[PDB]
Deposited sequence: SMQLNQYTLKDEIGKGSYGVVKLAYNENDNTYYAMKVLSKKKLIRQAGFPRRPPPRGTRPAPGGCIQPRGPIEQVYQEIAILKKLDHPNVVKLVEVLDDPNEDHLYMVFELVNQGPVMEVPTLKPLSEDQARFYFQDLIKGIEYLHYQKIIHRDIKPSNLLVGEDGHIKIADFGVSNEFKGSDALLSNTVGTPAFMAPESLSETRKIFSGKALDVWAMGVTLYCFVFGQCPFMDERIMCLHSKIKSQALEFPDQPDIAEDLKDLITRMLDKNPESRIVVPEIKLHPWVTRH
């Protein structure tokens, strides 16, 4: 192990989009926490080398601003279905940055693909948690942009907390107006995967990813899948949603998933409607 101020840093417990997460023991309050460890120089390099001056896809001028945005976002959020940032350790003369979170004991709910999906009733309990967390994020003008089962941590109490705010965005106004976005390929909405003159809604991207997540919950694999990236993108954009013959799930759950995975973001179900869907309220 190693010492960092009042913390004893132990084994690596997870690895998200950036950095690594260690188990950390706080000697002052005799409590364990989850500590995300980052290198500022590495975060800068992850964005790519800056371009020489020339004579929708422009590199950010100051890539380090994204981690400070993630920190500001996490500081704003206090909800039982969202991770809780408790401290940031950041010396301006050091390259490392540390983010301390309350521990969510059991880790990710699922790592897709799995041969062991959840039952329909357990999927409903976790999905009810997911709705509450996302509705709160959206109310706080935050889009997560990386909703998937491996970013949903199960606590001591059997409830989920949304984690990995590495690519999250805070917007002004009613919704985020995006020209392009980031995400895990199999969870990205069809509108985000074309060359077009049309911007798209950030909140509806989170809904699409919730739809893929819910499908994963009960089936253990994504609805659109291919190892070839061009084929995966083509399927997300043009392949009709299908459900496997087994496990046989309820018709109302198929209705809900179908509405969340509507390829048209204008007609895709919204979170206020998802909350009142018959499968959710049963």
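- Comparing the deposited sequence with the modelled residues, the stretches lacking C-alpha coordinates are 56 to 63, 291.
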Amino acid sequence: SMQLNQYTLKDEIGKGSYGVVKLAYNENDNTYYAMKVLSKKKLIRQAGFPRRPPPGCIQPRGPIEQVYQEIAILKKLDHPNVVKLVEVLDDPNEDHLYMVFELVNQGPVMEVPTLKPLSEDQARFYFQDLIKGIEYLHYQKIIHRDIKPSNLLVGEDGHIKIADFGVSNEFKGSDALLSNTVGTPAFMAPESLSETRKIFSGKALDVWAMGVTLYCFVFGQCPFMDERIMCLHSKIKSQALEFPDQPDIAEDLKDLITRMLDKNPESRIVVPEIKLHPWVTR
From here on, numbers count along this sequence of modelled residues.
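Superpose the two forms; the largest set of C-alphas matching within 1.5 Å is the rigid core.
- Structural divergence in 9 other deposited structures of this protein between 11 to 19 and 267 to 275: following superposition by the core, 11 to 19 has C-alpha atoms lying farther from the shown form.
- Larger root-mean-square CA separation from the shown form, computed after a rigid core fit of the structures in 9 other deposited structures of this protein, is seen for 225 to 233 when 211 to 219 is set against 225 to 233.
- Among other deposited entries of this protein with both flanking residues present, none omit coordinates for residue 36; it is modelled throughout, well short of a third.
- In the record comparison, residue 49 is unmodelled in at least a third of the other entries of this protein that model the residues flanking it.
- Mean CA B-factor, 243 to 251 versus 31 to 39: the higher value falls on 243 to 251.
- Here 113 to 121 and 205 to 213 are compared by their mean Cα B-factor, and 113 to 121 comes out higher.
- Ranking 257, 236, 47, 222 by the C-alpha B-factor listed in the PDB entry places 47 at the top.
- Per the deposited record, 197 carries the highest C-alpha B-factor of all listed residues (141, 197, 79, 144).
- In this PDB entry, the Cα temperature factor of residue 182 sits in the top third of its chain's modelled residues, the highest group.
- Among the modelled residues of its chain, residue 149 has a C-alpha B-factor that falls in the lowest third, as given in the PDB entry.
- Ranked against the other modelled residues of its chain, the C-alpha B-factor of residue 108 as given in the entry falls in the lowest third.
- Among the modelled residues of its chain, residue 129 has a C-alpha B-factor that falls in the lowest third according to the deposited record.
- For residue 93, the recorded CA temperature factor ranks within the highest third of the chain's modelled residues.
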